[PDB]
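Next up: just one chain, as structure tokens, the form deposited in one PDB entry.
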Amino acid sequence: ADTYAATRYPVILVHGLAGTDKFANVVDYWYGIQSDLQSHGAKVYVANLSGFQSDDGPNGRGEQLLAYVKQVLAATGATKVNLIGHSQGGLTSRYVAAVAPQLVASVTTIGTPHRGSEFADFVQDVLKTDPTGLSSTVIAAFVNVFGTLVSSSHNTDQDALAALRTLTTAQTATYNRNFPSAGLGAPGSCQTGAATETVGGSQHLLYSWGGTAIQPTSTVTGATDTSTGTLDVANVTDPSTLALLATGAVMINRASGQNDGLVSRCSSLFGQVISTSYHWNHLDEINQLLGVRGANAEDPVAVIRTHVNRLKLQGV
């Protein structure tokens, strides 16, 4: 054990997707990340949140996270925390930094759709005419795969789609207006904002990164998966690999540009962007499923570890 990742303030990992900190009630959402960071001296706490309504609604994920943050502080005697969120967890983290600015030292978002997801938009369009979504082979595939990851549910296939409602372009637009952030860039610029923000007289360090495995091609039509080789085992041992190429292809046909299967490069930009060139799909970002990634995908565990050291070096 060493102190490479020993930050001053505790680290809270904030999940996204359908709910809780587990996939199918048994697999850790942040696969293998907590034990790694702890072996490097970090104090890590993993949030467990629920709900499909907006992050700022009554008893919504935002309020749940805020309550959790206060329990962590009260138990540790620490005065602030470092928030690291994935997918919707980046939106959740934003709520806490906005309503209790004095309790947050930094906000890092990984593959967060700050400006919405074109796939979430597509699903909303289809259910307007096929309340089932199944007339779409892409939706069927998405549901089949992501339905198996839902924890604590009696209708996992339904819940798999429910998790996309808050990620639409329209919903995030509303959220961004009610919860502005210096970390966001100007509208329609596909540029990031400021590296820091001063809120309630508290300074926050702002960071982000995302994956761009899915690239547009002139010829799955119109898209290619750059995370995998020719004959890649990740295409077999991880069912989310081809599922996210399919959803990413839909995104590209909806003018998203390069993406991770659910979040475009432009939508992910927030604060200081470490990189968006990682050859990752949305689940590779969190070492899923079960540590499986394509031959061209970088090590996500190493990437996160290096970032917690980065925080330490910044004094948080």
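Definition used throughout: the rigid core is the maximal C-alpha set that superposes within 1.5 Å between two forms. Sequential numbering from 1, following the sequence displayed.
As for the form deposited in another entry, it is not shown, yet the points below apply to it.
Rigid core superposition between this form and the one not shown: residue from 253, 50, 34, 277 with Cα shift of 2 Å or more: Result of the comparison: 50.
After superposition on the rigid core, does the Cα atom of residue 294 shift by at least 2 Å between this form and the one not shown? It does not, since the residue 294 C-alpha is displaced less than 2 Å between this form and the one not shown after the core fit.
Did residue 9 shift 2 Å or more between this form and the one not shown, C-alpha, core superposed: No, shifts by less than 2 Å.
For residue 120, is the CA shift between this form and the one not shown at least 2 Å following rigid-core superposition? After core superposition, the C-alpha of residue 120 moves less than 2 Å between this form and the one not shown.
Direction of C-alpha distance change in that other deposited form, residue 21 to residue 43 (at least 3 Å): It is farther: in that other deposited form, the C-alpha atoms of residue 43 and residue 21 lie at least 3 Å more apart than they do here.
Pin down for me whether the residue 61-residue 26 Cα distance shrinks or grows in that other deposited form relative to this form (closer or farther, change of 3 Å or more). Closer: residue 61 and residue 26 approach by 3 Å or more in that other deposited form.
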